[PDB]
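Visitor:
Chains as they are written, first to last, in the deposited numbering: chain B, 924 to 932; chain A, 1035 to 1069, 1072 to 1090, 1093 to 1147, 1150 to 1189.
1. Please confirm if residue 1125 of chain A has its CB atom under 8 Å from at least one CB of chain C.
2. Classify residue 1072 of chain A as helix, strand or coil using the three-state DSSP reduction.
3. Leaving out the 5 sequence neighbours to the left and right, which residues in its chain are closer than 7 Å to residue 1114 of chain A when beta-carbon positions are compared?
4. Under 8 Å Cβ-Cβ, which residues of chain B neighbour residue 1035 of chain A?
5. For the structure I just gave you, are there three or more beta carbon pairs, one from the stretch 1150 to 1166 of chain A and one from the stretch 1182 to 1189 of chain A, closer than 8 Å?
6. Hey, would you say residue 1106 of chain A sits closer than 8 Å to residue 1183 of chain A, going by beta carbons?
7. Please confirm whether residue 1093 of chain A has its beta-carbon closer than 8 Å to some beta-carbon of chain B.
8. Output, in chain order, the set of chain B residues within a Cβ distance shorter than 8 Å of residue 1071 of chain A.
9. Using 8 Å as the limit for Cβ to Cβ distance, is residue 1070 of chain A near chain B?
10. Among the residues of its own chain, which have a CB less than 7 Å from the CB of residue 1176 of chain A, if the five just before and after it don't count?
11. Would residue 932 of chain B pass as a contact of residue 1170 of chain A if the rule is Cβ separation under 8 Å?
12. To the nearest angstrom, how far is the alpha carbon of residue 1090 of chain A from that of residue 1084 of chain A?
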């Protein structure tokens, strides 16, 4: 399923 | 970058820049995290377990507001603020592999992480909400890149 990491973290 | 690329964007970017994208969902609770995607998966399964009186307990409806600045959720009925998270303090958002209607995002407090767990009023909505969080990460990133010479 869906998973997204935050580049600003 | 590992965020939502442009072909998956659900919204005109203006709706995350000059406004917010607001959804309703069930709130299952927030859990403190020691630390993979194990983290979200583990927390999601635990929070669902906690919410089972078996039958589920009457969990609150929240309004989730997403912009390039971050994420806020408030009680949908009472309107009180449960949490406001600046986008820099948000590491990730993901769907529960076990229940695709359930989704979470993780924030950086202190020095510990919290995983905030929700169940959409539809599986389609879980996709759309995660995609929206993803897009907000990417839009925030793009705005930040262009800010400094």
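For every residue, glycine included, the Cβ atom is placed at its ideal position computed from N, Cα and C.
Guide: By the coordinates alone:
1. The chain inventory of the structure shown lacks chain C, comprising the protein chains B and A.
2. Taking the first residue of the second chain as position 1, residue 1072 of chain A is located at position 36. Three-state result, residue 1072 of chain A: coil.
3. Taking the second chain and counting its residues from 1, the one referred to as residue 1114 of chain A is at position 76. Around residue 1114 of chain A: 1058, 1099, 1100, 1101.
4. Working through the second chain from its first residue, we reach residue 1035 of chain A at position 1. 928, 930, listed in chain order.
5. Touching, no.
6. For the purposes of this step, residue 1106 of chain A is taken as residue 68 along the second chain, with counting starting at 1. For the purposes of this step, residue 1183 of chain A is taken as residue 143 along the second chain, with counting starting at 1. Result yes, Cβ atoms of residue 1106 of chain A and residue 1183 of chain A sit closer than 8 Å.
7. Counting from 1 along the second chain, the entry for residue 1093 of chain A is found at position 55. It does not: the Cβ of residue 1093 of chain A has no partner Cβ on chain B nearer than 8 Å.
8. No coordinates exist for residue 1071 of chain A in the structure shown, because the numbering of chain A passes directly from 1069 to 1072.
9. Along chain A, the last residue before the gap is 1069 and the first after it is 1072, so residue 1070 of chain A carries no coordinates.
10. Position 136 of the second chain, counted from the start, is the residue given in the question as residue 1176 of chain A. Counting only Cβ-Cβ distances below 7 Å, and skipping sequence neighbours, we find 1050, 1104, 1105, 1106, 1125.
11. Counting from 1 along the first chain, the entry for residue 932 of chain B is found at position 9. Counting from 1 along the second chain, the entry for residue 1170 of chain A is found at position 130. Their beta carbons are not under 8 Å apart, which means residue 932 of chain B does not touch residue 1170 of chain A by this criterion.
12. For the purposes of this step, residue 1090 of chain A is taken as residue 54 along the second chain, with counting starting at 1. For the purposes of this step, residue 1084 of chain A is taken as residue 48 along the second chain, with counting starting at 1. Between the alpha carbons of residue 1090 of chain A and residue 1084 of chain A lies a distance of about 11 Å.
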